[PDB]
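Please read the structure below before turning to the comments.
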2 protein chains.
Amino acid sequence: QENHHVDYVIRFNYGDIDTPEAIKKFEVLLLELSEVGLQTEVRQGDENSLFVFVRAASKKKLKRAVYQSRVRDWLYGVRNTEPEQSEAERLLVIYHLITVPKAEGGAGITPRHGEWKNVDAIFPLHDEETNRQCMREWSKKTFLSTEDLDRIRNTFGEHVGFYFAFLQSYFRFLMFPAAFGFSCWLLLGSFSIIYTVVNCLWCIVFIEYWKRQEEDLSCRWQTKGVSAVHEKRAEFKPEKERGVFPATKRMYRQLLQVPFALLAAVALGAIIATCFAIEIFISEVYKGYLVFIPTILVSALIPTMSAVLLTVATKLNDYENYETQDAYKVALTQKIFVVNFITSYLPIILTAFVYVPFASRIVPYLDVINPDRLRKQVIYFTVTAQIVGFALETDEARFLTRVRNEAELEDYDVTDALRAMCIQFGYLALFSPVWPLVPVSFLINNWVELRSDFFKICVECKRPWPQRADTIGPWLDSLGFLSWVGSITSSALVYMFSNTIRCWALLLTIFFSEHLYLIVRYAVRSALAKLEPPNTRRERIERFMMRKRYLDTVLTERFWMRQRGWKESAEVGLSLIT
Amino acid sequence: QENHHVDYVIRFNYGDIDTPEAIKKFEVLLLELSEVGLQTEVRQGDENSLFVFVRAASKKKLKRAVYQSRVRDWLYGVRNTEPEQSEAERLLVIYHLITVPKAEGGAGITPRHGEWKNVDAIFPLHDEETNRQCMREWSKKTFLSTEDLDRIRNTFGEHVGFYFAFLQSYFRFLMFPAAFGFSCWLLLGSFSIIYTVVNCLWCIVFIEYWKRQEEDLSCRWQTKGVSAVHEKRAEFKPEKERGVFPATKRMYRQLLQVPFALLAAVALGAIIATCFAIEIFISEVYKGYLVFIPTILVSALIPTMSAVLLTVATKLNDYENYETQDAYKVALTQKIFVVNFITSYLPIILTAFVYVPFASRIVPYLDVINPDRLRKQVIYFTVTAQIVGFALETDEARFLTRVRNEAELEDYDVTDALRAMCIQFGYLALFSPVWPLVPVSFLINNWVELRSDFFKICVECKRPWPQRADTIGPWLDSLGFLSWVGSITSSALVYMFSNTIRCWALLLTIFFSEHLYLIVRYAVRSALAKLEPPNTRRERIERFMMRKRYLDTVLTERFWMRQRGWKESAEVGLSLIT
């Protein structure tokens with residue numbers, strides 16, 4: 001093939017070790033790779049690092065690897081076939097040959113955690129025929145079929161497959177608010193009740209539909225349940241019998257998220273109040289569109305402030321010392337959600353429920369505010385970042401240098417572009433009745449950046465190892481929390497700013513709209529549970545027939561003496577009736 | 001033994017058939033019982049009914065029955081051992097031999113549904129040594145050990161076992177509000193905030209603790225997952241390939257619950273308004289405790305009005321034509337919960353939020369109201385029914401007539417005494433801060449009636465066939481809904497009736513108390529998920545070791561030629577570092 005049958009390539013760096021110490025850690029790595037059935041070949045890489053090439057050493061060793069991985073998947077509950085395939089399947093079982101805890105599988109490699117500090121990251125090689133002769137059919141397509149998502153599952157794994165399927169379903173479901181809000185901008189305007197009810201209905205229906213499509217796609221890609229949690233770079237304090245860490249010592253570090261979030265909220269509310277003060281000063285001392293210059297500056301500085309808070313949250317999450325990857329991911333997603341909620345929505349919350357209604361009590365406290373100010377805030381905080389972001393755009397030595405060019409690329413992260421599609425959903429759920437062209441501005445940006453994720457995953461960063469998944473992650477609970485908060489927030493905004501405040505009716509239409517949201521969400525979930533998707537119905541039919549075939553295969557004392565057999569019992573019965 | 005090795009006894013009635021028609025249905029029953037390995041013996045019963053006696057016909061047929069039932073339990077997901085025991089286990093596999101759908105198991109008997117109209121109910125025989133030499137150790141005990149619940153699991157099955165464990169845990173958890181409300185009656189009085197917060201905390205903790213004890217007990221009794229749904233007496237319209245019934249035709253009958261519930265609510269609010277009118281008339285035309293006579297009469301007529309609405313709800317649920325038993329049970333529990341919510345709490349809701357605050361606008365509309373009226377209503381609707389209920393109390397022809405006396409008894413129902421323990425929890429969650437002696441009045445009645453369920457299940461009605469369960473049913477969701485409604489209702493009552501109404505603060509302390517309830521419930525659930533019960537930790541340890549033992553048991557082309565083996569690769573590595 002194009003790649004020289006290479007499954008993986010393992011980069012071992014020696015720029016931080018001695019001359020005689022690196023020759024022992026290299027021999028230990030080669031002996032651990034040769035203890036399992038992996039054939040190794042060493043070549044020179046960069047000026048301080050050499051990489052080895054890992055292949056299946058034989059057909060018998062590869063068959064034993066696939067059988068051991070299928071045994072682990074059947075024992076953990078992923079497989080239900082009691083075992084006795086593709087490119088992603090072979091790459092997954094070879095990555096499980098390299099990187100497991102050595103009690104099963106083998107080779108014990110953890111890339112830069114402990115006792116393997118010299119080796120750098122390991123990675124497979126890019127399928128050139130799949131990211132050249134198929135990447136330029138996916139960018140100029142605008143919509144992907146299920147057989148097209150099968151090609152992004154068979155390469156790059158089910159993790160990338162679920163991420164791209166979620167982006168496709170979100171772009172397909174975004175076409176309804178992008179048409180409806182534009183239809184409710186030429187006809188109804190800002191703060192309309194019809195658009196708010198239909199927008200909250202859409203926010204319910206999209207989440208309850210993707211929750212069904214996830215169970216559809218995890219039964220289609222034969223990955224219906226993944227609870228096989230993996231280890232990490234945990235620093236265990238004791239070693240009592242397995243490394244242990246007390247949860248009471250973890251909660252005392254988990255409580256540090258509260259002062260961090262509170263200080264970030266105060267430090268951003270100070271910037272928002274400063275922007276209000278400079279806007280009032282410019283409105284006093286002169287001016288049409290130039291009076292909202294610091295709001296535009298802080299709305300453009302949002303994505304570089306959230307990154308700083310993201311690095312602080314990553315350091316705080318690494319301090320909390322999690323054991324499993326499926327807990328570190330959940331805690332990181334919770335911290336990213338808190339940071340993005342503080343960063344992206346609280347500038348609009350502080351001008352929707354604090355600044356504009358209590359204008360006469362804070363404007364004299366700032367000088368040393370009609371609802372169009374809130375409309376301009378929702379305009380400036382969902383558009384200008386995307387405007388600025390789209391303004392910065394304006395014999396075998398060939399294979400070895402291709403691999404050396406592939407080792408200098410970045411590493412892909414789903415959790416960076418999936419964070420933005422949560423901020424968009426939070427702007428859609430919470431403050432979208434303020435300006436109904438928020439879905440149009442999101443759909444245009446998504447249609448522009450649709451051909452930017454294929455390019456990124458194909459030519460900009462290296463190929464990820466094929467990771468299995470049954471869901472997009474804990475972002476699907478963040479979407480539900482955003483819809484729940486938006487059902488209160490949009491109803492309060494529509495009451496406060498359509499057409500005194502009558503404070504009993506505001507807290508009545510908060511209560512009734514929240515509980516109507518809960519009732520309608522239960523109804524939509526129970527209605528979508530009834531209708532079964534096809535590729536999880538085929539799996540249920542197959543698992544029913546596989547059980548029915550097996551079941552059809554497998555198929556004092558003188559009182560019980562007066563009626564031998566059953567014909568005598570029938571004779572006693574016929575004598576006893578008459 | 002005492003019983004003549006009798007597993008089951010099947011009563012066949014002939015009081016409604018002809019003389020020659022009953023001799024064929026009897027022969028069909030005996031042939032269907034003899035097709036499976038069951039030895040039958042016929043004797044005369046009552047003047048229009050004769051019963052047969054069903055035993056395991058051989059050891060090989062009994063072993064085949066246990067193996068087929070274990071195969072069905074392993075295929076449906078109950079068993080995880082891949083098969084190659086007690087009294088309840090033998091009675092369960094013999095009942096599964098008699099009553100299944102004949103595609104598996106055999107004998108096809110459905111007791112009075114279709115093509116078996118002549119046979120009456122079937123039932124096992126009472127273990128006299130277990131309900132005589134052990135029932136008079138359980139009534140005068142007041143508390144049951146786990147080895148004592150094992151005796152009510154090994155007889156009467158896991159359904160009765162979970163019901164008695166729920167009653168024991170509820171009686172043990174009721175001792176804390178029965179002490180705390182009595183401590184908050186000598187010190188604080190009615191409508192106190194401390195008792196309301198602690199009562200809502202107790203309502204959270206009891207439900208989130210029984211949800212953990214259910215997963216404890218279902219892993220202890222080897223019944224951790226039961227999703228093996230059974231058929232029923234469904235009348236299928238078409239027969240397209242299995243009898244089918246469209247859900248769109250079922251929803252049009254399910255919508256009849258709304259006019260039934262609305263008409264019951266209006267018909268009870270009319271009686272409550274009539275009782276208010278007669279109370280105001282007696283208060284005008286004369287009288288200390290006699291002025292609340294119709295309230296006492298309607299509070300005593302509550303349990304005989306809820307029974308009439310229960311029969312209407314049972315007819316409506318049988319009209320809705322459910323296919324599975326695990327859906328008929330859920331819909332019946334929902335209808336019973338709606339009926340009991342209308343019957344037991346809406347008389348207190350109509351005098352807490354309608355009559356007492358708007359007294360000056362309805363008292364002139366009734367004549368042709370201090371919060372002590374609400375306190376007297378909560379007194380009269382949680383006590384006087386229990387007062388009236390506890391005021392109405394003030395050679396082988398011996399075995400055959402014992403069986404004939406056992407066939408005239410009633411049939412046990414868990415869902416009749418488990419309904420009252422939901423009405424008690426609803427009175428505890430919703431209106432208990434009005435009068436803090438509600439938990440004392442419930443604990444005294446529960447301690448009185450604790451020795452009345454053992455008597456009922458042992459000597460008053462016949463022995464149920466051992467039914468398996470993993471939960472008490474869909475009552476555990478009704479308890480959570482009652483706690484959710486009570487977190488709003490008790491906070492509104494404490495704001496309205498402690499020490500103008502200031503209608504913004506009422507709908508503020510509704511909102512904050514409901515969302516504080518949700519936050520604290522999530523915290524209590526996440527804290528109780530951390531702490532693992534012992535008998536589900538032993539099962540997890542066993543399922544981990546059973547997998548670890550099996551896993552330890554089971555364990556272009558010229559580029560891959562320059563380094564044979566791995567020692568040559570280490571030589572190339574040591575040459576390439578230096």
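Just so we're on the same page: first chain in the structure tokens is A, next is B, and so on; residues restart at 1 for each chain, and ligands are numbered from 1 in the order they show up.
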ask   = Using only C-alpha atoms, which residues sit within 6 Å of range 137-154 of chain B once same-chain residues fewer than 3 positions away are excluded, as a ChimeraX atom specification?
value = /B:88,134,157-158,161,451
query = Could you name the residues that touch range 493-504 of chain A at 12 Å or less, counting only C-alpha atoms, but leaving out those on the same chain fewer than 5 positions away, as number ranges by chain?
reply = A: 188-197, 348-349, 351-353, 356-358, 370-375, 430-435, 486-488, 509-511, 513; B: 501-508
request  = Could you please select, counting only C-alpha atoms, the residues of chain B within 8 Å of chain A and state them as a PyMOL selection string?
outcome  = chain B and resi 1+3-5+14+19+23+26-27+30-31+34+39-44+68+71-72+75+104+503-504+507-508+511+547+551-552+554-557+559-560+562-563+565-566+569-570+572-574+576-578
remark   = Here CA of residue 414 in chain B and CA of residue 391 in chain B stand apart by 24.0 Å
query = Quick one: residues within 12 Å of residue 212 in chain A, only C-alpha atoms counted, chain neighbours fewer than 3 positions away excluded, as a ChimeraX atom specification?
reply = /A:166,169,205-209,215-219,470-471,476,524-536
Using the selection just defined, write its residues with C-alpha atoms as a compact mmCIF listing (two decimals), in the first residue's frame.
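Result file result-v7.txt:
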```txt
# COMPACT_ATOMS: atom_id res chain seq x y z
CA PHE A 166 -23.79 15.09 15.86
CA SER A 169 -27.78 16.33 12.90
CA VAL A 205 -37.10 17.95 20.20
CA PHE A 206 -33.46 18.19 19.08
CA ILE A 207 -32.06 16.80 22.35
CA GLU A 208 -34.68 14.07 22.62
CA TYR A 209 -34.03 13.16 18.97
CA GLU A 215 -28.88 4.57 20.65
CA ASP A 216 -29.50 4.05 16.93
CA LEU A 217 -25.86 4.63 15.97
CA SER A 218 -24.30 2.72 18.87
CA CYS A 219 -26.35 -0.35 17.92
CA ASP A 470 -21.47 5.12 22.58
CA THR A 471 -22.24 8.84 22.97
CA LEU A 476 -25.62 15.98 26.03
CA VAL A 524 -41.71 14.27 23.74
CA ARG A 525 -39.37 11.73 25.36
CA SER A 526 -42.19 9.22 25.87
CA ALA A 527 -43.39 9.76 22.29
CA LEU A 528 -39.91 9.24 20.84
CA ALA A 529 -39.33 6.15 22.97
CA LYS A 530 -42.35 4.53 21.25
CA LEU A 531 -41.02 4.97 17.69
CA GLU A 532 -38.07 2.60 17.23
CA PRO A 533 -35.12 3.45 14.95
CA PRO A 534 -34.37 0.84 12.26
CA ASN A 535 -30.77 -0.14 13.07
CA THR A 536 -31.60 -0.74 16.73
```
